[PDB]
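Shown next, in structure tokens, is the structure this report addresses.
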Amino acid sequence: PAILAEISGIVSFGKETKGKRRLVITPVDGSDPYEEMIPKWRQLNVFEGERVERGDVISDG
Amino acid sequence: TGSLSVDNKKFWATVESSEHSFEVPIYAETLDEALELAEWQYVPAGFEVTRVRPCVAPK
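Set out below in structure tokens:
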């Protein structure tokens, strides 16, 4: 991963205790949950409630 | 000792204190579940999370 969604679906954001960003992706590609805590300073894949594909968004890695 | 369910998947969370900075694995069943704990479990202890990296790698 780099600047991408590990899974295809609707990537959304949630609570951030300080200067973070809750990365909760809603998979459409399959029943494979993928959630992580990417900081807000990080160039994110895209905004919340946005449809993206596995690996394909901004930067693959 | 506080949270940490199981270690079916290894999740990494680097935490930063007033001066110290370290990395500690998160133990939970689900991704989001660990995501909750990484922040929610460490922040009341005075530890501020810096960044995390889940390491699933399908078995």
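For the record, the sequence lines run as chains B and A. When you line the first sequence up against the entry's author numbering, it's residues 24 to 84, in that order. When you line the second sequence up against the entry's author numbering, it's residues 26 to 84, in that order. Heads up, the beta-carbon is just placed ideally off N, CA and C, and yes, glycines get one too.
- With the rule of 3 Cβ pairs closer than 8 Å, the segment 61-71 of chain A counts as touching the segment 35-51 of chain A.
- Counting along the chain, the unbroken alpha helix (DSSP H) around A/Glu64 starts and ends at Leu56 to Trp65.
- In the DSSP assignment, B/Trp64 falls outside any beta strand (DSSP E) and carries neither an H nor an E.
- Among the residues of chain A, those whose CB is under 7 Å from the CB of B/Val47 are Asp57, following chain order.
- Taking a Cβ-Cβ cut-off of 7 Å, the neighbours of B/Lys41 in chain A comprise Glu73, given in sequence order.
- By the criterion of a C-beta distance shorter than 7 Å, B/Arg77 is surrounded in its chain by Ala28, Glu29, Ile30, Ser31 and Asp52, once the five residues flanking it on both sides are discounted.
- Contacts between A/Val77 and chain B, judged by CB atoms closer than 7 Å, involve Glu59 and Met60 in chain order.
- Among the residues facing chain B, A/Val68 is included, as its CB has a counterpart in that chain under 7 Å away.
- Taking CB atoms only, B/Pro56 has a neighbour in chain A less than 7 Å away.
- A distance of 7 Å or more separates the beta carbons of B/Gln66 and B/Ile33.
- Chain order gives the chain B residues near A/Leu60 as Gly37, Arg45, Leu46, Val47, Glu58, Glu59 and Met60, where near means a beta carbon separation below 9 Å.
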